[PDB]
Structure formats: structure tokens, C-alpha cells
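Next up, data20.pdb (PDB, N, CA and C atoms):
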```
MODEL        1
ATOM      1  N   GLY V   1    -110.612  67.530  54.939  1.00  0.00           N
ATOM      2  CA  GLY V   1    -111.960  67.341  55.556  1.00  0.00           C
ATOM      3  C   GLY V   1    -111.802  66.939  57.019  1.00  0.00           C
ATOM      4  N   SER V   2    -112.012  67.892  57.922  1.00  0.00           N
ATOM      5  CA  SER V   2    -111.880  67.618  59.352  1.00  0.00           C
ATOM      6  C   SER V   2    -112.963  66.657  59.836  1.00  0.00           C
ATOM      7  N   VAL V   3    -112.602  65.390  59.952  1.00  0.00           N
ATOM      8  CA  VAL V   3    -113.541  64.370  60.427  1.00  0.00           C
ATOM      9  C   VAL V   3    -113.375  64.178  61.930  1.00  0.00           C
ATOM     10  N   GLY V   4    -112.121  64.143  62.372  1.00  0.00           N
ATOM     11  CA  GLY V   4    -111.828  63.981  63.788  1.00  0.00           C
ATOM     12  C   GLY V   4    -112.770  64.833  64.625  1.00  0.00           C
ATOM     13  N   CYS V   5    -112.998  66.073  64.185  1.00  0.00           N
ATOM     14  CA  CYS V   5    -113.881  66.979  64.913  1.00  0.00           C
ATOM     15  C   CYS V   5    -115.290  66.411  65.031  1.00  0.00           C
ATOM     16  N   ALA V   6    -115.553  65.315  64.332  1.00  0.00           N
ATOM     17  CA  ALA V   6    -116.849  64.657  64.425  1.00  0.00           C
ATOM     18  C   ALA V   6    -116.747  63.598  65.516  1.00  0.00           C
ATOM     19  N   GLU V   7    -115.697  62.792  65.417  1.00  0.00           N
ATOM     20  CA  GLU V   7    -115.440  61.759  66.414  1.00  0.00           C
ATOM     21  C   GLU V   7    -115.007  62.413  67.728  1.00  0.00           C
ATOM     22  N   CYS V   8    -114.171  63.445  67.614  1.00  0.00           N
ATOM     23  CA  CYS V   8    -113.674  64.185  68.780  1.00  0.00           C
ATOM     24  C   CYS V   8    -114.795  64.422  69.792  1.00  0.00           C
ATOM     25  N   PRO V   9    -115.831  65.135  69.409  1.00  0.00           N
ATOM     26  CA  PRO V   9    -116.983  65.405  70.311  1.00  0.00           C
ATOM     27  C   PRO V   9    -117.633  64.099  70.743  1.00  0.00           C
ATOM     28  N   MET V  10    -117.804  63.185  69.785  1.00  0.00           N
ATOM     29  CA  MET V  10    -118.378  61.881  70.094  1.00  0.00           C
ATOM     30  C   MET V  10    -117.510  61.187  71.143  1.00  0.00           C
ATOM     31  N   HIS V  11    -116.199  61.248  70.931  1.00  0.00           N
ATOM     32  CA  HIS V  11    -115.234  60.647  71.850  1.00  0.00           C
ATOM     33  C   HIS V  11    -114.966  61.581  73.036  1.00  0.00           C
ATOM     34  N   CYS V  12    -115.956  62.401  73.370  1.00  0.00           N
ATOM     35  CA  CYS V  12    -115.837  63.333  74.491  1.00  0.00           C
ATOM     36  C   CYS V  12    -116.502  62.740  75.727  1.00  0.00           C
ATOM     37  N   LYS V  13    -115.939  63.025  76.891  1.00  0.00           N
ATOM     38  CA  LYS V  13    -116.460  62.461  78.137  1.00  0.00           C
ATOM     39  C   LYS V  13    -117.415  63.428  78.851  1.00  0.00           C
ATOM     40  N   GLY V  14    -118.487  62.854  79.401  1.00  0.00           N
ATOM     41  CA  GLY V  14    -119.522  63.612  80.114  1.00  0.00           C
ATOM     42  C   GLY V  14    -118.945  64.674  81.051  1.00  0.00           C
ATOM     43  N   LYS V  15    -119.632  65.819  81.104  1.00  0.00           N
ATOM     44  CA  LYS V  15    -119.240  66.950  81.958  1.00  0.00           C
ATOM     45  C   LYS V  15    -118.298  67.903  81.225  1.00  0.00           C
ATOM     46  N   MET V  16    -117.624  67.401  80.194  1.00  0.00           N
ATOM     47  CA  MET V  16    -116.708  68.225  79.409  1.00  0.00           C
ATOM     48  C   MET V  16    -116.806  67.859  77.931  1.00  0.00           C
ATOM     49  N   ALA V  17    -117.563  68.640  77.160  1.00  0.00           N
ATOM     50  CA  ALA V  17    -117.706  68.357  75.733  1.00  0.00           C
ATOM     51  C   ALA V  17    -117.696  69.625  74.890  1.00  0.00           C
ATOM     52  N   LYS V  18    -116.688  69.725  74.041  1.00  0.00           N
ATOM     53  CA  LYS V  18    -116.536  70.875  73.151  1.00  0.00           C
ATOM     54  C   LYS V  18    -115.593  70.535  71.997  1.00  0.00           C
ATOM     55  N   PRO V  19    -116.117  70.441  70.802  1.00  0.00           N
ATOM     56  CA  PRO V  19    -115.306  70.104  69.594  1.00  0.00           C
ATOM     57  C   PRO V  19    -114.358  71.234  69.188  1.00  0.00           C
ATOM     58  N   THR V  20    -113.079  70.894  69.058  1.00  0.00           N
ATOM     59  CA  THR V  20    -112.062  71.872  68.680  1.00  0.00           C
ATOM     60  C   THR V  20    -111.237  71.347  67.508  1.00  0.00           C
ATOM     61  N   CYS V  21    -111.274  72.069  66.387  1.00  0.00           N
ATOM     62  CA  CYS V  21    -110.536  71.664  65.188  1.00  0.00           C
ATOM     63  C   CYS V  21    -109.383  72.623  64.881  1.00  0.00           C
ATOM     64  N   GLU V  22    -108.252  72.052  64.479  1.00  0.00           N
ATOM     65  CA  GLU V  22    -107.078  72.825  64.118  1.00  0.00           C
ATOM     66  C   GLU V  22    -106.358  72.158  62.944  1.00  0.00           C
ATOM     67  N   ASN V  23    -106.367  72.833  61.807  1.00  0.00           N
ATOM     68  CA  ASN V  23    -105.715  72.330  60.588  1.00  0.00           C
ATOM     69  C   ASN V  23    -105.949  70.829  60.379  1.00  0.00           C
ATOM     70  N   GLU V  24    -107.218  70.434  60.426  1.00  0.00           N
ATOM     71  CA  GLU V  24    -107.630  69.037  60.237  1.00  0.00           C
ATOM     72  C   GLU V  24    -107.442  68.200  61.502  1.00  0.00           C
ATOM     73  N   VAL V  25    -106.859  68.792  62.538  1.00  0.00           N
ATOM     74  CA  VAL V  25    -106.685  68.080  63.804  1.00  0.00           C
ATOM     75  C   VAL V  25    -107.801  68.511  64.751  1.00  0.00           C
ATOM     76  N   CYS V  26    -108.370  67.560  65.494  1.00  0.00           N
ATOM     77  CA  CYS V  26    -109.470  67.875  66.390  1.00  0.00           C
ATOM     78  C   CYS V  26    -109.218  67.418  67.820  1.00  0.00           C
ATOM     79  N   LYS V  27    -109.871  68.103  68.756  1.00  0.00           N
ATOM     80  CA  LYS V  27    -109.766  67.774  70.180  1.00  0.00           C
ATOM     81  C   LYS V  27    -111.007  68.268  70.923  1.00  0.00           C
ATOM     82  N   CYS V  28    -111.237  67.724  72.113  1.00  0.00           N
ATOM     83  CA  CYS V  28    -112.365  68.144  72.941  1.00  0.00           C
ATOM     84  C   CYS V  28    -111.835  69.039  74.060  1.00  0.00           C
ATOM     85  N   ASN V  29    -111.825  70.351  73.835  1.00  0.00           N
ATOM     86  CA  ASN V  29    -111.286  71.270  74.839  1.00  0.00           C
ATOM     87  C   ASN V  29    -112.115  72.546  74.984  1.00  0.00           C
ATOM     88  N   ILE V  30    -112.262  72.988  76.229  1.00  0.00           N
ATOM     89  CA  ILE V  30    -112.996  74.215  76.540  1.00  0.00           C
ATOM     90  C   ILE V  30    -112.245  75.441  76.037  1.00  0.00           C
ATOM     91  N   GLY V  31    -113.010  76.406  75.548  1.00  0.00           N
ATOM     92  CA  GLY V  31    -112.449  77.647  75.012  1.00  0.00           C
ATOM     93  C   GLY V  31    -112.672  77.734  73.506  1.00  0.00           C
ATOM     94  N   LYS V  32    -112.906  76.583  72.889  1.00  0.00           N
ATOM     95  CA  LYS V  32    -113.164  76.516  71.452  1.00  0.00           C
ATOM     96  C   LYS V  32    -114.337  75.574  71.185  1.00  0.00           C
ATOM     97  N   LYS V  33    -115.299  76.036  70.392  1.00  0.00           N
ATOM     98  CA  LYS V  33    -116.472  75.224  70.078  1.00  0.00           C
ATOM     99  C   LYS V  33    -116.702  75.167  68.571  1.00  0.00           C
ATOM    100  N   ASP V  34    -116.079  74.195  67.919  1.00  0.00           N
ATOM    101  CA  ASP V  34    -116.228  74.041  66.480  1.00  0.00           C
ATOM    102  C   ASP V  34    -117.375  73.074  66.152  1.00  0.00           C
TER     103      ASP V  34
ENDMDL
END
```
Reformat the file's structure so that it appears as C-alpha cells.
Amino acid sequence: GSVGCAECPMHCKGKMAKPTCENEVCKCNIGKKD
């Protein structure tokens, strides 16, 4: 259950916000919008 992808976006900084999930791992990076 990818939860990080929930906090990931939440833990994203203004001007750059995009949830990115990979095999249960999440990050806030442009190019992917999960």
C-alpha cells in the first residue's frame, strides 16, 4: 500500500508539487504525476 505517495505530495514544497510512486516508494518529482 503506497502511503508515502500520500505524504510525498503533502511533504512537497510550493512551486514544485507532483506525487511519484515506484514499487511502494514515493517522491515529489516532475515528469510523473501519481
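Shown here are all protein and nucleic acid residues lying within 8 Å of (-115.0, 75.4, 65.0), with only C-alpha atoms considered: residues 19, 20, 21, 32, 33 and 34 of chain V.
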Output the selection as a CSV table (one decimal), keeping the file's coordinate frame - N, CA and C atoms for each residue.
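This is the output file selection-v9.csv:
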```csv
chain,number,residue,atom,x,y,z
V,19,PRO,N,-116.1,70.4,70.8
V,19,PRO,CA,-115.3,70.1,69.6
V,19,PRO,C,-114.4,71.2,69.2
V,20,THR,N,-113.1,70.9,69.1
V,20,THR,CA,-112.1,71.9,68.7
V,20,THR,C,-111.2,71.3,67.5
V,21,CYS,N,-111.3,72.1,66.4
V,21,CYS,CA,-110.5,71.7,65.2
V,21,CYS,C,-109.4,72.6,64.9
V,32,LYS,N,-112.9,76.6,72.9
V,32,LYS,CA,-113.2,76.5,71.5
V,32,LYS,C,-114.3,75.6,71.2
V,33,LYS,N,-115.3,76.0,70.4
V,33,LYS,CA,-116.5,75.2,70.1
V,33,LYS,C,-116.7,75.2,68.6
V,34,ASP,N,-116.1,74.2,67.9
V,34,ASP,CA,-116.2,74.0,66.5
V,34,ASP,C,-117.4,73.1,66.2
```
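Take atom CA of residue 23 of chain V and atom CA of residue 2 of chain V: the distance between them is 7.9 Å.
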- prompt: Do you have the atom C of residue 25 of chain V-atom CA of residue 10 of chain V distance handy?
  reply: 13.6 Å
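The space separating atom CA of residue 8 of chain V from atom CA of residue 29 of chain V comes to 9.6 Å.
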What box, with edges along x, y and z, holds each listed atom of segment 19-24 of chain V when 4 Å is added on every side, and can you state its centre and edge lengths in Å to one decimal, as AutoDock Vina command-line options?
```
--center_x -110.9 --center_y 70.5 --center_z 65.5 --size_x 18.4 --size_y 12.6 --size_z 18.6
```
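Note that DSSP on the backbone gives strand (DSSP E) to these residues of chain V: residues 19, 20, 21, 22, 25, 26, 27 and 28 of chain V.
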